[PDB]
Amino acid sequence: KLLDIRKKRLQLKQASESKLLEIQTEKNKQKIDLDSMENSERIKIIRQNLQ
Amino acid sequence: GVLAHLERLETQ
Amino acid sequence: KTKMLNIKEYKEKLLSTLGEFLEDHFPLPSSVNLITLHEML
Amino acid sequence: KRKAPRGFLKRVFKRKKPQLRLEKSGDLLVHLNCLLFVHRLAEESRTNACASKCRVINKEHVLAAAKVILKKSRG
Amino acid sequence: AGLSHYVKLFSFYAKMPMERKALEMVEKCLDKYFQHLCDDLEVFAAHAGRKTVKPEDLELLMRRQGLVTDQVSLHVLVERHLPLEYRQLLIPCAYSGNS
Amino acid sequence: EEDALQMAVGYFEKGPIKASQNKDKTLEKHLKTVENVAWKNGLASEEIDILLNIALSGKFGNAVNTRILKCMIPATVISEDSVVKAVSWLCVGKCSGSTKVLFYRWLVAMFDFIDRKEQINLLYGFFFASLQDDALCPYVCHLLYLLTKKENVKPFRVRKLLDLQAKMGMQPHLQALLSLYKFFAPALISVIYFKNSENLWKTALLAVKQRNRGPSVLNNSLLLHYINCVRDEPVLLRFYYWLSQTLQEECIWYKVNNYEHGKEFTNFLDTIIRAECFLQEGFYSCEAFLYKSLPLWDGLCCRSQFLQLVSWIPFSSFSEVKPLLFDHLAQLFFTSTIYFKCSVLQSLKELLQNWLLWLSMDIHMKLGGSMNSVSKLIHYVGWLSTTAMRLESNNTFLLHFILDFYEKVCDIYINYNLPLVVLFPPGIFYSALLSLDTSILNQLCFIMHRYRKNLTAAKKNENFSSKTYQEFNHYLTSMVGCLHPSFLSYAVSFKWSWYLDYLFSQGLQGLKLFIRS
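Residues numbered from 1 in each chain as written, not as in the entry; some residues may be left out. Chains lettered and ligands numbered in written order. Part of a larger assembly, values for the part shown. Heavy atoms only, no water. Residues with missing side-chain atoms left out of burial classes, pairs and counts.

Looking at the PDB entry, one finds chain E named Centromere protein T, with Homo sapiens as its source organism.

Per the PDB entry, chain C goes by the name Centromere protein K and belongs to Homo sapiens.

The following block contains the structure:
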């Protein structure tokens, strides 16, 4: 029982590492979305007058 | 565990 | 821009009440009305 | 310490001088006077301690503090 | 009592440990402080011609002690040392009902 | 009648106490006997806390005599707090400062029962500006220690708390509030602790509890799941450098105490061990500390912890980890007693599982040179465990642990999907075959039956075949003809099938699995 518990747990561990790496590279994709604001042609002025 | 136990038959 | 207009309307809520409720306070005896004194600060 | 005794200052103002009419919060002004007098005492006694470089306030520094500040605080 | 209150406040006003033998002499200093004050309020209130001791009767005295100036008036001195519920009695706030 | 009685108390407030035909303390004391049963409904608590405390009769004794017991039966609602903030208005009436002290003690004591604590938190500054007055500071400090959220830590409040600390004393209540403001955005830095004073109210407040009843990352299990899931570079390195410098500094701590420091290090290595058993990969400082501190290691210095660290060692090659570590887990294996010997083939038993798990999903996530590593580990243990068999004159205790290792070598194919059926080296096989107890004999029998099962399973899917099947048929014909001393012990304690039944029935389950096969 401990052995198949360990096997299930490690399967969900490598699976979670792959899935959470997908989440982190999608947050990285949102980082390219972050390079989509630092063009700063009208975002900077509106951000400054909002601040 | 049997390691923490095996450290107390070394003494006892 | 929507946040700009939302914050602007929140400002015209807070300041509209700063005009209204400060008539519950309201000036009395140049002194300088607390609305004007506050806004000069 | 964050207090100021209402009763004690009034009792002192009545014990020492029996004929006054100290106002509703005039004793609060007396407490402010003593607070600032003891402020002056603490700071000029710290100066007195640094004068002899003593790391603890002692009698010989307080007696020198008195003849300056208590006389200064006289109206 | 109140003198013990001031010697304890001396501890948090001197920011530095002292001796008890220093404290009963600062007690005589407070006793003489009143022995100068309560007859200084006496003579200052008599100078104003009023039997009672109004707040301005003591503002002049504290002007004598050099603690009220044209820069530091009476009320500002209340800000720096007295607690809020106590200065609410002294310096006039405003509710259209200034104290 | 309480709602009627409280509206009568309000009438007792719309008029004077003198003009009343009856005493307030009589009717309010009937209400107080009611409070001893049930003090104030949410609407009742609201209203009786509202009108009795704003300006009306509400004597600083009477309003307090109620306020001691003016809490809630179900829960305190927002409208309770709303216009009692208009009792916090603190003005011509003000519900003067003593009743303010009991009022803020009310809120501190019953902060736990509000439906929407966020609403009062949204009211944070109304109580924060009440901190300036002296009498409520020891209680308002507690309240804001209970109310504080990140949205309420604006820098002007930080500077107001600093001004309060400078003007007033170092009071521990201000220190507690400062601790929270440092726990949030650190615009201030400082280094008692929710010690309450509502214990007197906690007679009634313990009744209220009963009334509600009736009417850097190792010591964070909830965060260990994050690092379990991120095999990221700057976090497994932010963590490696902490483990290396904690297993070095606190292990150099041995060289000055070695007795009292030998209990926190043991209890910290236990946390490391648990974190690895959960996270399931050996921390890269756990091995790096092991290679550094195995040659210097003794037999019993944190043996239970060191030989569980060996279990979680990132499978390396068994050609780069053997000389570095296993050449020392033989340098101490062959010089220490049985009680350390059994603690290594157990340590390497768990190491075998922790290597075979990480090889099973190496089949799942898509070998041969990895194969050679576990095979060589098992042979080196199989070399370790023939000479440990010789050091201790075939001690049954040690060979029990040897078989416990081999209990996890029979089932490589069935369990881990790894084709690594490694048979006994004969120096253990016959040494337990011709052993003298059955709790080791049936152990061997279970191992070899699982060996039959695993070899048969490997024949289905497919060197192993030639020499491994030859050696297992050697271990079979020699032993199946041999299946005797501990069995003789049973027979003395004791028709062949009945002898069997006497066996079998008496716990011989490895023999059952063989004999059925």
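That was the structure; now back to the text.
Chemist: Could you give an account of the interface of chain F and chain A, naming the residues involved and the relevant values?
Modeler: Taken together, the contact between chain F and chain A spans 18 residues of the former and twelve residues of the latter. Note on chain F versus chain A: buried area summed over both sides is about 1500 Å², and carbon and sulfur give 61% of it. For chain F, the biggest contributors to the area lost against chain A are F:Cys229, F:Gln280 and F:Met361; these three give 33% of the whole. Summed over the shared surface of chain F and chain A, the result is one salt bridge. For the salt bridge of A:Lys13 with F:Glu281, the shortest nitrogen-to-oxygen distance reads 3.9 Å. Joining chain F to chain A, the criterion identifies seven residue pairs in polar contact. Of all the secondary-structure elements, those providing two or more residues to the side of chain F that touches chain A are α13 (221-229), α15 (261-279), α19 (338-364) and α22 (413-416) of chain F. Broken down by element, the side of chain F that touches chain A gets its largest block of residues, five residues, from α19(F). (Contact = heavy atoms within 4.5 Å. Buried area = accessible area lost by both parts, 1.4 Å probe. Salt bridge = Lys/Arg side-chain N within 4 Å of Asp/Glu carboxyl O. Polar contact = N/O pair within 3.5 Å; in protein donor to acceptor, adjacent residues only side chain to side chain. Helix = DSSP H or I, 4+ residues; strand = E, 2+ residues; numbered from the N terminus.)

Chemist: Residue-level account of helix α3 (residues 42-50) of chain F, with values.
Modeler: Residues and elements named next belong to chain F. Among the nine residues in α3, seven count as buried, and that is most of the element. Of all the residues in α3, the buried ones are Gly 42, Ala 44, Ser 45, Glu 46, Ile 48, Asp 49 and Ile 50. Buried residues along α3 sit in contact with α1 (2-14), α5 (78-84) and α6 (97-109). (Buried < 20%, exposed > 50% of the residue type's maximum accessible area, 1.4 Å probe, protein only.)

Chemist: Give me the interface of chain E and chain D: which residues, what numbers.
Modeler: Between chain E and chain D, the contact holds 48 residues from the first and 47 residues from the second. Those elements giving two or more residues to the side of chain E that touches chain D turn out to be α1 (2-14), α2 (20-47), β1 (52-53), α3 (55-64), α4 (74-81) and α5 (84-90) of chain E. Top contributing element to the side of chain E that touches chain D by residue count: α2(E), with 16 residues. Its residues placed into classes, the side of chain E that touches chain D shows 34 nonpolar, seven polar and seven charged. Pairing between strand β1 (residues 21-22) of chain D and β1(E): two bridges, direction parallel. Residue pairing in the sheet places D:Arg21 in a bridge with E:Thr52 of β1(E). (Nonpolar A, V, L, I, M, F, W, Y, C, P; charged D, E, K, R; others polar. Pairing = 2+ DSSP bridges.)

Chemist: Lay out the packing of aromatic side chains with the relevant residues and their values.
Modeler: Residues and elements named next belong to chain F. Enumeration over the complete set of coordinates arrives at 37 aromatic pairs over all chains. Judged by centre distance (6.4 Å) and plane angle (20°), the rings of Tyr 124 and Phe 128 are stacked. Taken as a pair, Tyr 124 and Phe 128 lie in helix α8 (residues 124-128) at a separation of four residues, close to a single helical turn. A residue is classified by how much of its surface remains accessible, and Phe 128, at 3% relative accessible area, is buried. Plain terms: the ring middles of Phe 265 and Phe 289 are 6.5 Å apart, the flat faces sit at 85° to each other, and that makes the pair edge-to-face. (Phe/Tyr/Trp six-rings, centres within 6.5 Å; stacked < 30°, edge-to-face > 60°.)

Chemist: Break down the environment of E:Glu27 for me, with residues and values.
Modeler: Note that E:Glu27 resides in helix α2. Along the sequence, E:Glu27 and E:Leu3 sit 24 residues apart, while their C-alpha atoms lie 6.2 Å from each other.

Chemist: So what's going on with unusual backbone geometry? Which residues, and what values?
Modeler: Of note, A:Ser40 is a non-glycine position whose phi angle comes to about 55°, a positive value. Checked against the element boundaries, A:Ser40 lands in the loop between α1 (2-35) and α2 (43-50). Its identity as a non-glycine residue notwithstanding, D:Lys53 has a phi of 55°, on the positive side. Turning to its location among the elements, D:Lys53 is positioned in the loop between α2 (26-52) and α3 (59-72).

Chemist: Give me the pattern of salt bridges: which residues, what numbers.
Modeler: All names here are of chain F. This structure, assessed with the given rule, holds 13 salt bridges over all chains. When the shortest N-O distance is used, the salt bridge between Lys 149 and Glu 118 registers 2.7 Å. Of the two residues, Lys 149 is situated in the loop between α9 (137-147) and α10 (155-167) and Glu 118 in helix α7 (residues 117-121); the sequence distance between them amounts to 31 residues. Judged by relative accessible area, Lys 149 falls into the partly exposed class, the value being 35%. Looking at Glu 118, the relative accessible area reads 22%, which means it is partly exposed.

Chemist: Tell me about the environment of F:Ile363, and please be specific about residues and values.
Modeler: Residue and element names in this part refer to chain F. Inspection of the secondary structure puts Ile 363 in helix α19. On the accessibility criterion, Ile 363 (30% relative accessible area) is partly exposed. Those residues in contact with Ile 363, other than ones at most four positions away along the chain, are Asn 417 and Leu 418.

Chemist: I'd love a proper account of empty space enclosed by the protein, names of residues and values included.
Modeler: All names here are of chain F. Roughly 140 Å³ of internal volume is contained in the largest cavity. Taken together, 16 residues make up the lining of the largest cavity; nearest its centre are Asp 81, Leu 107, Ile 114, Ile 120 and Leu 143. Of all the elements in the fold, those that place two or more residues in the lining of the largest cavity are α5, α6, α7 and α9. Tallied by class, residues from the lining of the largest cavity come to eleven nonpolar, two polar and three charged. (1 Å grid on protein atoms, 1.4 Å probe; cavity = no way out; pocket = protein on both sides within 12 Å on 5 of 7 lines; lining within 4 Å. Points joined across faces, edges and corners; volume = space filled by probe spheres on them.)

Chemist: How would you summarise the nonpolar core if you had to cite specific residues and measurements?
Modeler: Residues F:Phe265, F:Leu325, F:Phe326, F:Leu348, F:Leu403 and F:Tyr451 are the most contacted members of the largest nonpolar core, which totals 102 residues. Ranked by residue count, the leading element in this core is α19(F), at 13 residues. When sequence neighbours within four positions are dropped, the list of residues in contact with F:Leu403 reads F:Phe424, F:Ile428, F:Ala432, F:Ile440, F:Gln443, F:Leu444 and F:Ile447. The next biggest cluster of nonpolar side chains, apart from the first, holds 55 residues, and it includes D:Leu20, D:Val30, E:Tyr33 and E:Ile91. (Core = buried A, V, L, I, M, F, W, Y, C linked by side-chain atoms within 4.5 Å.)

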